[PDB]
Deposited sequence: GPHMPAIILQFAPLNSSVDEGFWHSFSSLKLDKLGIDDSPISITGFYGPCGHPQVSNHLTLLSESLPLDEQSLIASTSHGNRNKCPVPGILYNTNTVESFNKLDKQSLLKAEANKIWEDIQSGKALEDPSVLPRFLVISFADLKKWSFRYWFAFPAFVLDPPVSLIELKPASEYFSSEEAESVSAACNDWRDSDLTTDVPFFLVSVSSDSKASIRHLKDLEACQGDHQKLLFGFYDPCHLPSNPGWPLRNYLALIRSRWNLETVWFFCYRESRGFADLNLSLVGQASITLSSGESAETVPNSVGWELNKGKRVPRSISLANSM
């Protein structure tokens, strides 16, 4: 039965060094400015069956005044206030739609095609208390709400869906993609498998290249999620690009996950989703949730310093 497709929320991870790195930026250079700063976030595929990956802010995240296998760079913006009260008086919805609009623009301009790493664009609003040395922050991962919500038709473990030969050939291709520095941190791709059961991974722009035989094509992505019944958050804006560019009614997607540092297809998932078909920017959702609720996160680093 064709059910409504639910995406698992992306969770954040701020490494300690990010704050230390920022506390220096704020004190030595910025001053009173509450002006936004563009930052770099990092994520990757799922690395273990029990635990899903995160969007991680490190000290490399802040401007250098990057991106390996385990760090796929994603563009973001930071809004840090000077007081508690100005932090609370932040217009969450105008800031979320401001960032979500940037994504939609890249989807429209053909930018997301050239560089799909722009899709998981994220927002951070914070308040750095440089007196007490405690930090208040809130992450946002804008994802568009498609007017009629995407309908899930099936979602199998990738190793079920693929044969044995296909499995071998896919993971051989997947590992090659992860193994070469030019493609390692490109978190969105096409997986095509020939009728001969030979698999190859091509860039999103090469879609037209990829229509040729009686060959399956799958819209793959680094899935940060570990859950065996839901795809990760990055599928949202990914499916938005697919509809906005090629207007597909039926889409096969590949939730790429790994274990022990290499492609794992029992963990990975193949699914097919269904989308209905002048239009503007849809609605956006997604402010990360704390132990369950719409609440910001706080960390006191007074002991580390």
| remark: Taking the deposited sequence from residue 1, the uncovered stretches are 1-4, 70-78, 291-295
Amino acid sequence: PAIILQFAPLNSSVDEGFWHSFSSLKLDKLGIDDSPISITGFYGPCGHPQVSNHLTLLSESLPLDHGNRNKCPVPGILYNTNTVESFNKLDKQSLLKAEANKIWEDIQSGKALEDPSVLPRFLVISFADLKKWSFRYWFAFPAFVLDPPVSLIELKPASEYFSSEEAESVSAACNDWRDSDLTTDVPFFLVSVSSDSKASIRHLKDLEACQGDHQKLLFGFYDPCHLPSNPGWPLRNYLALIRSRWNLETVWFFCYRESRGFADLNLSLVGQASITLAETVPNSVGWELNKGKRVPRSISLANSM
From here on, numbers count along this sequence of modelled residues.
| query | Mean C-alpha B factor from the entry: is it higher for 220-228 or for 151-159? | reply | 151-159
| For the C-alpha atoms alone, is the average B factor greater in 81-89 or in 168-176, going by the entry? | 81-89
| Selection from 263, 251, 58, 64 [criterion: highest C-alpha temperature factor in the record] | 64
| field | Highest recorded Cα temperature factor - choice among 117, 211, 197, 192 | value | 211
| request: Could you look up the Cα B-factor of residue 44 in the entry and say which third of the chain it sits in: lowest, middle or highest? | output: lowest
| said: Quick check for you: using the entry's CA B-factors within this chain, is residue 144 in the lowest, middle or highest third? | reply: middle
| field | Lowest, middle or highest third - CA B-factor, residue 278 | value | highest
| task | Divide the modelled residues of the chain into thirds by Cα B-factor and specify which third, lowest, middle or highest, holds residue 186. | result | lowest
| query | Relative to the other modelled residues in the chain, which third contains the C-alpha temperature factor of residue 32: lowest, middle or highest? | reply | highest
